[PDB]
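Shown here: protein.csv, CSV, C-alpha atoms.
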```
chain,number,residue,atom,x,y,z
S,1,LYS,CA,-115.5,82.6,36.6
S,2,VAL,CA,-115.1,79.3,38.6
S,3,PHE,CA,-112.0,79.1,40.8
S,4,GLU,CA,-110.0,75.9,41.3
S,5,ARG,CA,-109.7,75.4,45.0
S,6,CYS,CA,-106.0,76.3,45.7
S,7,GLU,CA,-106.2,79.2,43.3
S,8,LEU,CA,-109.0,80.7,45.4
S,9,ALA,CA,-107.1,80.1,48.7
S,10,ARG,CA,-104.1,82.0,47.4
S,11,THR,CA,-106.2,84.9,46.1
S,12,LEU,CA,-108.0,85.2,49.5
S,13,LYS,CA,-104.7,85.1,51.4
S,14,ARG,CA,-103.3,87.8,49.0
S,15,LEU,CA,-106.4,89.9,49.8
S,16,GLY,CA,-105.9,89.6,53.6
S,17,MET,CA,-108.7,87.1,54.5
S,18,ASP,CA,-106.7,84.7,56.6
S,19,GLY,CA,-107.2,85.5,60.2
S,20,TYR,CA,-109.5,88.4,59.4
S,21,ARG,CA,-111.8,89.1,62.4
S,22,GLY,CA,-110.2,85.9,63.6
S,23,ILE,CA,-111.7,83.9,60.8
S,24,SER,CA,-109.1,81.6,59.3
S,25,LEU,CA,-108.6,81.1,55.6
S,26,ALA,CA,-109.9,77.6,55.9
S,27,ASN,CA,-113.3,78.9,57.2
S,28,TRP,CA,-113.6,81.4,54.3
S,29,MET,CA,-112.8,78.5,51.8
S,30,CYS,CA,-115.5,76.3,53.5
S,31,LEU,CA,-118.0,79.2,53.2
S,32,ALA,CA,-117.3,79.9,49.6
S,33,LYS,CA,-117.5,76.2,48.6
S,34,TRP,CA,-121.0,75.6,50.0
S,35,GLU,CA,-122.4,79.1,49.1
S,36,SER,CA,-121.3,79.0,45.5
S,37,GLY,CA,-118.8,76.3,44.5
S,38,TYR,CA,-116.2,79.0,43.9
S,39,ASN,CA,-118.2,80.5,41.1
S,40,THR,CA,-118.3,84.3,40.9
S,41,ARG,CA,-121.4,84.2,38.8
S,42,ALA,CA,-123.6,82.4,41.3
S,43,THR,CA,-127.0,83.9,42.2
S,44,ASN,CA,-129.8,82.4,44.2
S,45,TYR,CA,-133.1,83.6,45.6
S,46,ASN,CA,-132.6,83.2,49.4
S,47,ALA,CA,-135.9,82.5,51.1
S,48,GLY,CA,-134.4,83.4,54.4
S,49,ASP,CA,-133.1,86.7,53.1
S,50,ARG,CA,-136.2,87.5,51.1
S,51,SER,CA,-133.8,88.7,48.4
S,52,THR,CA,-131.2,87.6,45.9
S,53,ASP,CA,-127.7,86.5,47.0
S,54,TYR,CA,-124.7,87.6,44.8
S,55,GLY,CA,-121.6,85.7,43.9
S,56,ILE,CA,-118.8,83.9,45.6
S,57,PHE,CA,-119.9,84.9,49.0
S,58,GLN,CA,-123.7,85.0,48.3
S,59,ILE,CA,-124.0,88.6,49.7
S,60,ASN,CA,-127.6,90.0,49.8
S,61,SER,CA,-129.0,93.0,47.9
S,62,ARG,CA,-131.4,93.5,50.8
S,63,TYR,CA,-128.7,95.3,52.9
S,64,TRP,CA,-125.3,95.2,51.2
S,65,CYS,CA,-125.3,96.1,47.5
S,66,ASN,CA,-127.6,98.1,45.3
S,67,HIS,CA,-129.2,96.1,42.6
S,68,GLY,CA,-130.5,98.0,39.6
S,69,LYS,CA,-129.9,101.6,40.6
S,70,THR,CA,-132.6,101.6,43.3
S,71,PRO,CA,-132.7,105.0,44.9
S,72,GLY,CA,-133.9,103.4,48.1
S,73,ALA,CA,-131.1,100.8,48.6
S,74,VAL,CA,-129.3,100.4,52.0
S,75,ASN,CA,-126.2,99.4,50.1
S,76,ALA,CA,-124.0,99.0,53.1
S,77,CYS,CA,-121.0,98.0,50.8
S,78,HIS,CA,-121.7,101.0,48.5
S,79,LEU,CA,-121.4,98.8,45.4
S,80,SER,CA,-123.6,97.7,42.6
S,81,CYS,CA,-124.6,94.0,43.0
S,82,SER,CA,-123.0,93.4,39.5
S,83,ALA,CA,-119.5,94.2,40.9
S,84,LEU,CA,-119.9,91.1,43.1
S,85,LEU,CA,-120.3,88.9,40.0
S,86,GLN,CA,-116.9,89.9,38.5
S,87,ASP,CA,-113.9,87.8,37.9
S,88,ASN,CA,-111.7,90.1,40.0
S,89,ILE,CA,-113.0,89.4,43.6
S,90,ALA,CA,-111.4,92.3,45.3
S,91,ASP,CA,-114.8,94.1,45.6
S,92,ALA,CA,-116.5,90.9,47.0
S,93,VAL,CA,-113.7,90.5,49.6
S,94,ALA,CA,-114.0,94.1,50.7
S,95,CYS,CA,-117.8,93.7,51.1
S,96,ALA,CA,-117.5,90.3,53.0
S,97,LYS,CA,-115.0,91.9,55.4
S,98,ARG,CA,-117.8,94.5,56.1
S,99,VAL,CA,-120.4,91.8,56.7
S,100,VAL,CA,-118.3,90.0,59.3
S,101,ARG,CA,-117.6,93.2,61.2
S,102,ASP,CA,-121.3,93.4,62.3
S,103,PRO,CA,-122.6,91.7,65.5
S,104,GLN,CA,-123.2,88.2,63.9
S,105,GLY,CA,-119.7,87.8,62.4
S,106,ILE,CA,-119.2,84.6,60.4
S,107,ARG,CA,-122.6,83.3,61.6
S,108,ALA,CA,-124.3,85.9,59.3
S,109,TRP,CA,-124.0,83.1,56.8
S,110,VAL,CA,-126.4,80.2,57.7
S,111,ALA,CA,-124.4,77.9,55.4
S,112,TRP,CA,-121.3,78.5,57.5
S,113,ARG,CA,-123.1,77.6,60.7
S,114,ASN,CA,-124.6,74.6,58.8
S,115,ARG,CA,-121.6,73.2,56.9
S,116,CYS,CA,-118.4,74.5,58.5
S,117,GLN,CA,-118.8,75.3,62.1
S,118,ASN,CA,-117.4,72.6,64.4
S,119,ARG,CA,-116.0,70.6,61.4
S,120,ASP,CA,-113.0,69.8,59.2
S,121,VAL,CA,-112.3,72.9,57.2
S,122,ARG,CA,-108.6,71.8,57.0
S,123,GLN,CA,-109.2,69.8,53.8
S,124,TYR,CA,-110.1,72.9,51.8
S,125,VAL,CA,-106.7,74.5,52.1
S,126,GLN,CA,-105.1,71.1,51.7
S,127,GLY,CA,-102.0,70.9,49.5
S,128,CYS,CA,-102.3,74.6,48.5
S,129,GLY,CA,-99.2,75.7,50.2
S,130,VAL,CA,-101.0,78.8,51.5
```

Structure encoded using structure tokens:
Amino acid sequence: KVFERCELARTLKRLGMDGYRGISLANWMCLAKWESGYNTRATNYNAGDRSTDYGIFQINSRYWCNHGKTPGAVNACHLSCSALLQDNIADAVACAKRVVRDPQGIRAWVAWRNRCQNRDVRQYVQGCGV
């Protein structure tokens, strides 16, 4: 499912993302836009990750979710990679919260460092009333 901008902002605010680990809602919105264009069904082979990235947040199956019942999956989020491709993003938010809790924080996403860090994230929550 592809979220309209303000729709997503409200959902993430409802899910406790604004200010989480000190990351404002604007930053999460900027991340989601460049990683997936707000589409829950997005998937890409990430050269950097040497694995496939799943959904709205482009979370990897290398460390965070188990893709295809692999007995040997790290599965830090203890979720099937498919759950991160759903229309209800509660699971994807729970898992992204987990990713930012590790030593790299928001920088764990190269796209954030590349398209959002030290820039105008304000426009993404614009007019949303969030």

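Rounded to one decimal, CA of residue 70 (chain S) and CA of residue 109 (chain S) lie 24.5 Å from each other.
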
### Query
Can you list, as a VMD selection string, every protein, DNA or RNA residue that comes within 8 Å of region 52-66 of chain S when you count all atoms listed in the file, leaving out same-chain residues fewer than 3 positions away?
chain S and resid 31 to 32 35 to 46 49 69 to 70 73 to 81 84 to 85 92 95 to 96

### Message
So that I can check the surroundings of residue 21 (chain S), please list as a count of residues only every protein, DNA and RNA residue that reaches within 12 Å of it, counting all atoms listed in the file and ignoring chain neighbours fewer than 5 positions away.
### Response
14

### Query
What gap, in Å, lies between CA of residue 67 (chain S) and CA of residue 50 (chain S)?
14.0 Å

Residues near residue 90 (chain S), anyone? I mean within 10 Å using only C-alpha atoms, not counting same-chain ones fewer than 5 positions away, as a PDB file with C-alpha atoms, in the coordinates of the input.
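As a result, out.pdb now contains:
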```pdb
ATOM      1  CA  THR S  11    -106.200  84.900  46.100  1.00  0.00           C
ATOM      2  CA  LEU S  12    -108.000  85.200  49.500  1.00  0.00           C
ATOM      3  CA  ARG S  14    -103.300  87.800  49.000  1.00  0.00           C
ATOM      4  CA  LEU S  15    -106.400  89.900  49.800  1.00  0.00           C
ATOM      5  CA  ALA S  83    -119.500  94.200  40.900  1.00  0.00           C
ATOM      6  CA  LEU S  84    -119.900  91.100  43.100  1.00  0.00           C
ATOM      7  CA  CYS S  95    -117.800  93.700  51.100  1.00  0.00           C
TER       8      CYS S  95
END
```

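If you measure from each of S:47, S:89, S:25, S:6 to residue 110 (chain S) using all atoms listed in the file, the closest one turns out to be S:47.
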
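Across the structure, CA of residue 5 (chain S) and CA of residue 126 (chain S) are spaced 9.2 Å apart.
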
### Message
Here is a test: counting only C-alpha atoms, which residue of S:122, S:94, S:48, S:127 is nearest to residue 108 (chain S)?
### Response
S:48

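Nearest residue to residue 112 (chain S) among S:30, S:22, S:1, S:9 is S:30, counting all atoms listed in the file.
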
### Query
Pick the closest to residue 7 (chain S) from S:107, S:29, S:118, S:72: which is it, counting all atoms listed in the file?
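For residue 7 (chain S), the nearest of the given residues is S:29.
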